[PDB]
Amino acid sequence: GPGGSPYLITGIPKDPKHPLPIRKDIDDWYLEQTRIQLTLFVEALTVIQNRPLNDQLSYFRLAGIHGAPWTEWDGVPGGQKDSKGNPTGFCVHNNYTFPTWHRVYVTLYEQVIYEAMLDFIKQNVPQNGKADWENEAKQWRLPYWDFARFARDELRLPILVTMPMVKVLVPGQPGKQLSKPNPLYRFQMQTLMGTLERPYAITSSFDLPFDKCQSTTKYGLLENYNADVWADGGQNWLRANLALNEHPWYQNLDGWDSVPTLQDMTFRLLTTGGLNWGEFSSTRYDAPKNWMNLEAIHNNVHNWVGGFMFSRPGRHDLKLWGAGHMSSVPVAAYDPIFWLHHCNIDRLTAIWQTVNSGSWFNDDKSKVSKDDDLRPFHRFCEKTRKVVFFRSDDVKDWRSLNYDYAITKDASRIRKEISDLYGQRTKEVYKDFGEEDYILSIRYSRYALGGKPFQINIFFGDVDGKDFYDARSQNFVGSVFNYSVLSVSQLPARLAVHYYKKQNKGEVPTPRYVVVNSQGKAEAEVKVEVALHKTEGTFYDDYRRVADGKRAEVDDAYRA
């Protein structure tokens, strides 16, 4: 760490005047001051992003812990590989410590920002305001992006992430505000990341031209544009919002109400009882009612924010594809929204813990991993007086890290809060249809394309052999993203089954699936086990398999 010693991750230090400050919803937090906390976050994160590569607390090196360029951090060796020779970073994916590794990672980022806020105040704030500004730094916590809450009719990226510039206070010049580049909009380096000084160049597990990016992008990388466009492909936040609002195709027809699948999934995750930690925490699969898990929802959000398809076959005037950092595990942590996403993944973990309090590494699968060192994160152990790595039990109570969430302050009201935030639209629309539920189970290998990402799209009815991609594609039901031992996910299917039955004289639909690669082509040799399951009764008030999945064929020009 800086100054030649380990960096001890503690969370923001405890101050008696600041009891368990909350991580706020970033839109609420922004809307209430659109101002010292905003200024402090902007100015601190700007300094962190501008730090040199040799500074381990630079934004680059902190994002670098997750994946590429796979260097050491805080004295902990990097350059790890898989059994097959593939490079890997420190982040935990497809394992039961996924939530706890990321809990610590988010806290590291928050703590580094707080320390940068204190330094900013020391260097910039006049004597008359120092206590005031220190007081706000001590109350500030990393905001979360509530990807499943309707923004102030639809799910959206945070307001702040969609603003290229932001107005900040100038300490010492009351009333004076300056518009500055918004460090939440993108992370920009001074050159292409493929040409950074050794050993930090971003070079290739990926096929997208991330080596040719200077800035992070959302949907900005498309084939057949000049390679200099990829230096900064922009923030197509409107396109990301569209993806975030994925729902069955039939709901865009007149006379049908839509429900965002991400909100339905999140409401199911938080309200379904009876899952053990191993079921909730991860996609890892070594019963299908229990395959709706935190990591699978998180994987879909990564895809929807960044985009993963670089090309599409054929001629299209409207180009709905485009790729970006958030879809790709080796580089997703460079996009500033990454941390806000993972802050909400931490919040969802804390909510689920609160309403499943006996379910902590409590199954035979996850028990094995409970004691894993969460490298590279150090802490001082006061019992043995040694610097050690974090372990999951160290962060079981997130409040040990001196932050909390509003929703977890009161267990007795949390079930109504979950329903108010995430369940109203689902119940509104489900209420109109009979008392039964349908779900799709999805099981795949994250390695089926040799580690390359892919998207599993499911359809009810005939598939358009040139359009098998998204909610605009005829008969689309939903998607599962391999944000790359098996992996599982689950999709709601209740509403899409109703529409299909109405069109097909009551027949149960065969789920049809297509595995789509980053070139927009169908992969014919990626195995997916898809099934449709039914129970009597609504989920928010005994599932049986009612149809087996089948691979759909696509047009010859669209085959991998």
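The first residue of the sequence shown is number 1, and the count goes up from there.
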| item | value |
| --- | --- |
| Continuity check for residue 251 and residue 252, given as deposited residues lacking coordinates between them | none |
| Continuity check for residue 510 and residue 511, given as deposited residues lacking coordinates between them | none |
| Mean C-alpha B-factor comparison - 69-77 and 353-361, higher one | 353-361 |
| Residue range whose averaged C-alpha B-factor is higher in the record, 532-540 or 548-556 | 532-540 |
| Selection from 287, 262, 243, 292 [criterion: highest C-alpha temperature factor in the record] | 287 |
| Per the PDB entry, maximal CA B factor within 108, 229, 485, 320 | 485 |
| Modelled-residue ranking by C-alpha temperature factor, third containing residue 330 | middle |
| Within-chain third of residue 90 by Cα B-factor, per the entry | middle |
| Residue 34 - Cα temperature factor, lowest/middle/highest third of chain | highest |
| Chain-wide C-alpha B factor ranking for residue 64, given as lowest, middle or highest third | lowest |
| Cα B factor band for residue 115 (lowest, middle or highest third within the chain) | lowest |
